[PDB]
Every structure is written in structure tokens, then in C-alpha cells.
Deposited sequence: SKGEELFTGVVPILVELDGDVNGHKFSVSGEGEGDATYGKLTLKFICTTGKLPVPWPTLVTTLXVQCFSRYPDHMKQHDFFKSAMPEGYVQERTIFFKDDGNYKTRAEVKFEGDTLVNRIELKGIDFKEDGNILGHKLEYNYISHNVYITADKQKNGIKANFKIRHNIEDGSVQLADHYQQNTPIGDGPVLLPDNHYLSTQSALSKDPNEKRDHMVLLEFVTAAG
């Protein structure tokens, strides 16, 4: 089980995101640690360019599934850890219903003992007065699952899932995700049988942090 050993204890994480939505540029940096044994992620993200032009909840999925807890009987289906330390490229298109879309390209890999997630995000066709640019989304999270399937044609995995972002009027802003992950090394990786990753999220704020930011606590477990 190559790559698994790199996740046996607590691992420091660094996230770097460069975005541009409807021409509005922004950057986000994140730091924290992951404990894959418990499928636990603890991270704090900061918008280093000022005010985030989009809702923090809409960036959660974009901002390291290698930290998921895979039950012992499912260890042969952990594509994410198997690609380490070289890593994998993670790409998505996220369609916000009745609004614009995000296109993301990220590289997740180890740089020394730090697991790094470096992201490029481009958003187009958003409504200036819509739920995203207008910041009309509640600061929380309710979606949990994603069905992961193998993508042999690309020697990786893929997934399609909907994320629901609660709005104050009781309605929901849908964010339809289409995902594809491919290894960075020419090395071996595990192409998994179908399964789910179920994530419990928790968004919060550091009462003593003045910069625009997001504190995130997540627990992810594989099943199915």
C-alpha cells in the first residue's frame, strides 16, 4: 500500500488558490492539518487580497480527499493516497443553477512533509445580483456525499455530485459538480471500485480574525 504510510500520523496542509470570477480576481491561502486515520481535516483559510468576491461555502469543495478515512475493508479503493507523494491533478466544473460556473484545476501533492493543494479557479457567466456575487448564501454546509467511480480512460477517478447551498428564503442554490482526477506521476495507482465518500462539515469564524476568512472542520469517511 504505497502512499498510505505518508498519512499514518498528523500531516500539515497548505492550500493556495488563485481565482477570477467575472473578472474579479482574488487569492486564498489555507493552513491546517489532516489526520487520515480519523478522516479529520482542520483548516483556516484567509482571503489574502481583501474581501472574497464569492461566498466561502462555494469554495469548500475546491479548497484533499487523500485525507478521507477508508475503512480497512476498503483500503484497496484509496486512489487519493495511492498517488502520493507525486500527487494528482484534480479538475472540476461546478455549475451554479440559474447562475455562472466555476472551472478549477488543482495539483495535490507533497512538498516535503507538507500536503499541498495548489488551485487555479475561473468563474464565468455569474449574475452580479445573483446568489453568488450578491453573497446571498448562508454560511454553513449540508451536503455530504459523492459517488467516486474509476475513470480507466484517464487512469484515475471521476465523480458527479450536487451540492446544495442554503439561502435565507428557505430555498437552495444548487452547485452541480463534475470531477476528474488523474495522477501526476507515471507511477502505480489504485483504480477503485465504486464507492462513496461521506463528509461532515463545519464552517466557523475565528472571533479574533479581522481578515475575510473561513475556519473549516471536516470529517470524511469512505463507504459503499
Missing stretches, numbered from 1 on the deposited chain sequence and kept in order: 64
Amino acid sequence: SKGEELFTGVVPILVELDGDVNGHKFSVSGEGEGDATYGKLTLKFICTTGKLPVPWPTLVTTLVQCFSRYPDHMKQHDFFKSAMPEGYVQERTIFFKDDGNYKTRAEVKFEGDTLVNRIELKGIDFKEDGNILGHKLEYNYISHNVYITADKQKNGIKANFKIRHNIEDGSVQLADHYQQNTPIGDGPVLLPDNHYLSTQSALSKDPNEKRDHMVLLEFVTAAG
From here on, numbers count along this sequence of modelled residues.
Looking only at CA atoms, which has the higher mean B factor in the entry: 93-101 or 146-154? 146-154
Quick one: higher average CA temperature factor, 103-111 or 132-140? 132-140
Of 174, 191, 66, 46, which one's C-alpha B factor is largest in the deposited record? 191
Select lowest, middle or highest to describe the third in which the CA B-factor of residue 180 falls within its chain in this entry. middle
Considering only modelled residues of the same chain, in which third does the CA B-factor of residue 52 rank: lowest, middle or highest? middle
Among all modelled residues of this chain, ranked by Cα B factor, put residue 29 in the bottom, middle or top third, i.e. lowest, middle or highest. lowest
By the recorded C-alpha temperature factor, relative to the other modelled residues in its chain, which third is residue 62 in? lowest
Should residue 77 be placed in the lowest, middle or highest third of its chain by the C-alpha B factor in the entry? highest
